[PDB]
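Chains as they are written, first to last, in PDB author numbering: chain K, 12 to 119; chain R, 12 to 119; chain S, 27 to 122; chain M, 28 to 122; chain Q, 16 to 102; chain J, 20 to 102; chain O, 37 to 135; chain I, 36 to 135. Down below is the structure, laid out as C-alpha cells.
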Amino acid sequence: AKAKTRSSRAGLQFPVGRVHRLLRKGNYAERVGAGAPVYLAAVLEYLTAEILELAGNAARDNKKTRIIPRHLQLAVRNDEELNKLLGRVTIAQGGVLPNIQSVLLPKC
Amino acid sequence: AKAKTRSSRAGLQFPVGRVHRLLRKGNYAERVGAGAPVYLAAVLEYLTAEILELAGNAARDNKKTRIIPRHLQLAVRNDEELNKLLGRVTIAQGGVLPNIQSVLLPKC
Amino acid sequence: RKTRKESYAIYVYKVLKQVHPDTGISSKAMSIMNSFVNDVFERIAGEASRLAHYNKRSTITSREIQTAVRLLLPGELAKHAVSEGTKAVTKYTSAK
Amino acid sequence: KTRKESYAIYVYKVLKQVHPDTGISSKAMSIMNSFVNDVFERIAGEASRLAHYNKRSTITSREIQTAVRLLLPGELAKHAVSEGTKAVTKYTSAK
Amino acid sequence: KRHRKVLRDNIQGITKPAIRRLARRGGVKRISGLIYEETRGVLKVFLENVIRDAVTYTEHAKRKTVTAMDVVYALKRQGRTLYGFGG
Amino acid sequence: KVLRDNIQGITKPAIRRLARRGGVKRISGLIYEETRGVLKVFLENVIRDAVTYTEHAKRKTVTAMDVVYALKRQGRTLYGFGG
Amino acid sequence: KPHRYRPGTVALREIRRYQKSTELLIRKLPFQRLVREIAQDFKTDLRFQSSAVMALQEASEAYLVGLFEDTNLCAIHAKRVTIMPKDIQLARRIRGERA
Amino acid sequence: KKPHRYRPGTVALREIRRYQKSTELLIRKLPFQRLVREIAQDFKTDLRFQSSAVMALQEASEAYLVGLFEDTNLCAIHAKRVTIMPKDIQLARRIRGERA
DNA sequence: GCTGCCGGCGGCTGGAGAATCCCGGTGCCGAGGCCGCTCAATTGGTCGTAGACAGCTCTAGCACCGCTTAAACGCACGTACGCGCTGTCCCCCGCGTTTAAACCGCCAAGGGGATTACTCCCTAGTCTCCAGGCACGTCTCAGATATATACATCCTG
DNA sequence: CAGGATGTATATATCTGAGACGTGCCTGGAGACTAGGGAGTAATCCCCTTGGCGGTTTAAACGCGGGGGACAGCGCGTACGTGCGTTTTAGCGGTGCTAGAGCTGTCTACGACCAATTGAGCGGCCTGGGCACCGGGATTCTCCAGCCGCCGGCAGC
C-alpha cells in the first residue's frame, strides 16, 4: 500500500494524473509515453509562476494588495518577450498602455 | 458475387475508399459515420471541377492546349470569392496581376 | 522500383477530360492541384473533428461535415457544395 | 452536481510560493485558468502533429521538447528545457 | 403582441460623444466630421461577421439560446481569441 | 576583387527589378540597405525552424517538405513541392 | 473676462484621463438593441445571454481602439494633426482586411 | 542632329510593363545559395542543402519582398509623393504588425 | 490708334527606336499500353453510442416608474488646412569595360533508405481510498465613499 | 519676459459589507498491482546524389558623366472643429412577473468494428511523336522635337 502521488515524486505542484488523462482522451496520439505529462506540467508551472510573479510586482508598485486584470495587462504588455507570445490576445477589463505621441505635445 | 466500387454506386469520380481510410488513420476521431466520406468526396469533386474549368478558360484564351501555373494564378486572382478562399496561398511561378497606379501615369 | 506512393493525379485528369475534352495539364500545375486538394481536405477534416469533440460526441457524421463546410466556404461555394453533397448522399443511400 | 474541473488550487499554491502575502480577485483567476487551457492545447497539438509527421505513434519527451523549442520565443525556451530535464531526471531516478 | 418587435435605425444609437471618448482613449488630438459613418459601418460589418458564426454554432447545437461560449468560440475562429470568460 | 560578404551578393539591379515588379516608379538612395536587413531577418526566421526540424529527425539534410512545413508554421503556405 | 483655455488643451487632459480608466465607453442598452436588430436576419426568434452581450461589447471596444491607433499613425505620417476617412481606409487596406 | 534620349520616367514604365508579365526569378542563384549556406552555419555546422529547398526559399522570399514593396509604394503614394523612403517601409512594417 | 514684334500655342509632320507576327526547323516528355500486387470490395456476427420520451425548473424577456445625467443645439473664433511660388541637387539614363555567373564534363563517397531479429515498455484489467469540488459561513481588510491641500495655465504688467 | 488667479489635480478622513479564504463532507478517479505483444531499436548493406574540380564565354554589373523636375520650405486666405452654456431625453434601477427553454435520467436498438477471402485499380516502366521553342524578318506602333499659321499683348502715336 502507501500510495504516493506522481507530482510528489516529481516534486511539482500540478496534477500529473489529470494531464495524463487529458492526453489520452484528447485524441492527440494513439499511444502516450511516461515523461510527457511531467515535462508539460513543469513547463506550465514555470510559465504561470513567471506571469504571476510579474503581476504581483506590478500590483505592489500600485500600492494595492490584490490582483486585478489591470495589473495583469500592465505586467504582460511591459515584456517584449511575453508580448510576442501574447500579441494576438486581449484580456477583459485591461485598458491600454498610456502613451502619447511627441508631436501632439505643446512646444515647451 | 461480383464486386463494384462505392464511387460507381454513388456516381462519383473520387475514391471513397481512400478518403474513408484517411478518415480512419488521420487520428481525427474515434469512429466515423457512413455519409461523411461521400459528402467530403462530393465537395472535393465540386471544387476541383470549378478550378479546372476556370483555369481551362484562361488557358484557351492565350491560344494554348495545356495548363500552366501562370494560368492557375490568373484564374485564382481574377475571381474575388475564390481569392478570399485562397487569400494567403502563394503559387510558384505565378508572377503577379498586372496593375499600375493612376498617378504614376503621365498627364495624358 | 519499390516504395510506391499515392497521389490524386488520375482523378484530377479524369475530371479534366469531362470539362475540356481537348485540354491537357503540365506537371507543376498537376502537383499544385494535388497540394490544394490535400490542404482543403485537411482543413475540413480538422474542423469537423474539432466540432465533433466540441459537443462531446464520439462519431463523425454527415452533419458535422456539412456544418464544417458552412463554416469555411464563403457564400456561393457553401450552398452549391451542400446541395451537391446532399444529392450525392441521397443517390448513395437510395441505390445500395 | 456535475463537478467541473479547474486549475484554481494549483495556481493559488504557485502564487503563494512567490508572494505569500498577496491575494487574487475572481476574474483574475479565471484569466489564468483560460491562459493555461490555451497553452495546453497550443503545445499538445504541435506535439501531436510532430509525432505524426515522422510516421511515429507515441508521444515522448523529445517531441514535446521540440514543441517547446518552436513555440516559446527564444530566451524563455532557453530556460524551460533545463527545468523540463530537471523535472524528469529526478522522476526516472526514483519512480 | 407576443414577439417579433422589429426595430429600425438603431445604428444611430452610437452617439458622437461616445466616438469622441473612444478616439481620446486611442490618443488623437483633433477629430473630423466624416468618420462618424465609416466607424458605424466597420463596426456593423464586424458585428455581422461575428454573429453569423455565433448563430450557426447554436444552429448546429439545435438550441434556441446563444451563450457566451459560442461568442468567444467564433472570436477564436477568426484569430481574435479573448481571455476572461471561461475559455 | 573576391572578398565579398554574401549579404552583398544581392545586387542593386536585383532590388530595382523587384521594386519595378512591385509597381514603384522612383526610388531613393537608402532603400538598398533596409531591404537587405529585412531580407536577412526573414531568412533567419525560417531557417531556424527548418534547421530545428532537421535536428529532431536525426537527419543531416534540409529536405523540401521540411522547408514548406516551416513556412506553413509561419503562416505562408507553398504549393508545388508536395505537401 | 471669463477664463477660456487655449484650443486643444482639454483634448490633452481627456487623453491622459481616459487612458487610465478601464470601464466601458458605450451604453449597454443601445448596444443590446443593435445586436438584437442584427441577429434577426440570420435566424429569428432567438434568445440571448448577457455574458455574450458584454463579450461582444469588449471585443468591439478592443477592435475600435486598435483601428484608431493605426488611424492616428497614418494621420501623423502625412504631416497633419486631424484624422480623415482616407487614413481609415488606408489602414484597413494595408492590414489586408479589405484587400 | 542630337542623339535620341528618352524623356525621364518612360523607360521605368517600360520595365514596369515588361516585368509584370514575367514569371522567372530576378536574383542570381549562386549568391543567394551562398548567403543561405553562410547564414545557416550559426545554427549547426556541416549541413547539407537539397536543391529544391533553396529555390523554394528563394521564391518565397521573392514574393514576400514583392508584397512589401507594393505596400510601401501604396503608402508613399498616399503621402502625395512619387518617391519611396525608408520611413515608409518602417511605417508599413509597423501597421502590418511585423516589427512590433 | 495701329505697326511691328514677339513670344507663346496648339496643331501637325515625320523621323526614330521598340514591340509584335509569322514562318521554318527541332527537339523532350505528356500520353498510352503493359504486368502484376496489394489493398479495397463481399460476408458475418456484437454490443454499446445515440436517439426517443419523460420528466424537473433556473432564468431571460416584459412591464413600470422615479431619478438624473449625459446627449442635442447653438455660438464665437483662431488655427491648421490647402494652394501657390520657388531653388535646387539628386536620381534617370546612356556608354565604355570590367568581370563573374552560367554551361559542361568527370569523380568520390558519406549519408539516406530498404531489411531483419528482438525486447521491454505502455496498454489491457481489477481493487482500492483519499485529493478535490460543492455548500456554507463568515468577518474581514479589501474596496467603496466623502473630506481637505499643491499645481500648471493664461492672463497681466 | 517675470507675478496673480484660477479651476483643476493631488492627498486623507470615515464607512461598510459582497466574497477571498477557510471548513467540512463525500465521492469517483488516480494510484498499486498482474502479462503481452507489437513498436521502436540497433545492426547491416546498397546505392545516389551532392559537394567538388576545372576551361570557356558572354551577358550583366559598375563607375562616369551629363541633365532637368520632384521636393522641402516659405507665405497667405479661410472656414470649421473646439470650449462653453442651455435645455431635455432617454439610460439606469428597482420592483415583480411569468412561462419557456435548458438539464438530466431510462430504455432500446441498430450500425460501426472487427475478422476472413478474393479479385481488379492503379503504380511502375518503356515508348513514339507532337506541341512548345527558337530565328530572323517583315510589320506596325507610339514618342519625340521642330516648323508653321495664328493669336494675344506691347513699345511707340
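C-beta atoms are modelled at their ideal positions from N, C-alpha and C, and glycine is treated no differently.
Review point. Closer than 9 angstroms, Cβ to any Cβ of chain J: which residues of the region 82-94 of chain M, in chain order?
Key: 89, 90, 92 and 93
Check your understanding: Given a threshold of 16 other Cβ atoms within 10 Å of its Cβ, counted over all protein chains shown, does residue 119 of chain K qualify as buried or as exposed?
Key -> exposed
Practice item. For residue 85 of chain M, write down the residues that DSSP places opposite it in a beta bridge. Key: K/42
Review point. Quick one: is residue 100 of chain I near chain J, going by C-beta distance under 9 angstroms?
Key: It does: the Cβ of residue 100 of chain I has a partner Cβ on chain J nearer than 9 angstroms.
Exercise for review: Would you grab the beta carbon distance between residue 40 of chain Q and residue 55 of chain O for me? Rounded to a whole angstrom, and I think it's under 8 angstroms.
Suggested key: 6 angstroms
Check your understanding: Shorter than 9 angstroms from the beta carbon of residue 127 of chain I to some beta carbon of chain O?
Key -> yes
Check your understanding: Residues of chain R with a CB under 7 angstroms from the CB of residue 75 of chain S: which are they?
Key -> 39 and 40
Review point. Are the region 20-40 of chain K and the region 48-63 of chain K in contact at 8 angstroms, needing three or more beta carbon pairs?
Key: yes
Check your understanding: Using a C-beta cutoff of 9 angstroms, does residue 52 of chain O count as contacting chain K?
Key -> yes
Practice item. Tell me, please, whether the CB atom of residue 80 of chain M is closer than 9 angstroms to any CB atom in chain K? Key: no
Review point. Mind checking whether residue 77 of chain M and residue 104 of chain M have CB atoms under 9 angstroms apart?
Key: no
Practice item. Using a Cβ-Cβ cut-off of 9 angstroms, state whether residue 94 of chain Q counts as contacting chain M. Key: no
Check your understanding: Between residue 20 of chain Q and residue 80 of chain Q, what straight-line distance do the alpha-carbon atoms span, to the nearest angstrom?
Key -> Distance between the alpha carbons of residue 20 of chain Q and residue 80 of chain Q is about 18 angstroms.
Practice item. Determine which residues share a DSSP beta bridge with residue 97 of chain Q and list them. Key: K/101
Practice item. Report, in whole angstroms, the separation of the C-beta atoms of residue 92 of chain R and residue 102 of chain S, which I expect to be a contact under 8 angstroms. Key: The beta-carbon separation of residue 92 of chain R and residue 102 of chain S, rounded to 6 angstroms, stays under the 8 angstroms limit for a contact.
Check your understanding: Where does residue 9 of chain K land, buried or exposed, given buried means 16+ other C-beta within 10 angstroms?
Key -> Since the first residue of chain K shown is 12 and the last is 119, residue 9 of chain K is not available in this structure.
**Study point:** Beta carbon of residue 67 of chain M nearer than 9 angstroms to that of residue 30 of chain K
**Key:** yes
**Study point:** Residue-level contact to chain J via CB, residue 131 of chain I, 9 angstroms cutoff
**Key:** no
Practice item. Determine the direct distance from the alpha carbon of residue 119 of chain I to that of residue 44 of chain J, and round the result to whole angstroms. Key: 9 angstroms
Check your understanding: Is residue 83 of chain J close to chain M, meaning its C-beta is less than 9 angstroms from at least one C-beta of that chain?
Key -> no
Exercise for review: Taking residue 102 of chain Q and residue 65 of chain M to be in contact with their CB atoms under 8 angstroms, please state how far apart those CB atoms are, rounded to whole angstroms.
Suggested key: Confirmed, about 6 angstroms.
Point to revise | Bridge partner(s) assigned by DSSP for residue 84 of chain O | key: The partner list for residue 84 of chain O (beta bridge, DSSP) reads Q/81.
Exercise for review: Compare the beta carbon distance of residue 17 of chain K and residue 34 of chain M with 9 angstroms and say whether it is the shorter of the two.
Suggested key: No, the Cβ-Cβ distance between residue 17 of chain K and residue 34 of chain M is not below 9 angstroms.
Point to revise | Contact check, residue 66 of chain K vs residue 83 of chain K, beta carbons under 9 angstroms | key: Yes. Within cutoff.
Check your understanding: Just how far apart, CA to CA, sit residue 180 of chain O and residue 94 of chain O?
Key -> Residue 180 of chain O lies beyond the range of chain O shown here (37 to 135); nothing can be said about it.
Check your understanding: Taking buried to mean at least 16 other C-beta atoms within 10 Å of its own C-beta, is residue 41 of chain O buried or exposed?
Key -> It counts as exposed.
Check your understanding: In whole angstroms, what is the alpha-carbon distance linking residue 35 of chain R and residue 88 of chain S?
Key -> 15 angstroms
Review point. For residue 84 of chain K, which residues in chain Q fall below 7 angstroms Cβ to Cβ?
Key: Here the premise fails: no neighbours, minimum Cβ distance about 10 angstroms.
Review point. Listing by chain order, which chain O residues have their CB less than 8 angstroms from the CB of residue 25 of chain Q?
Key: 66, 69, 70 and 73
**Study point:** For residue 45 of chain O, the three-state DSSP class (helix, strand or coil)
**Key:** helix
Review point. Taking Cβ positions, are residue 100 of chain I and residue 49 of chain J nearer each other than 9 angstroms?
Key: Judged by beta-carbon spacing, residue 49 of chain J lies beyond the 9 angstroms limit of residue 100 of chain I, meaning their Cβ atoms are not closer than that value.
Check your understanding: Shortest alpha-carbon distance to residue 25 of chain K belongs to which of M/114, M/107, M/54 and M/86?
Key -> M/114
Point to revise | Reduced DSSP category for residue 102 of chain I - H, G, I as helix; E, B as strand; rest coil | key: helix
Practice item. Out of J/77, J/100 and J/36, state which residue places its alpha-carbon closest to the alpha-carbon of residue 86 of chain J. Key: J/100
**Study point:** Own chain, CB closer than 6 angstroms to residue 85 of chain K, minus 5 neighbours either side, in chain order
**Key:** Closer than 6 angstroms at Cβ, skipping near neighbours: 69.
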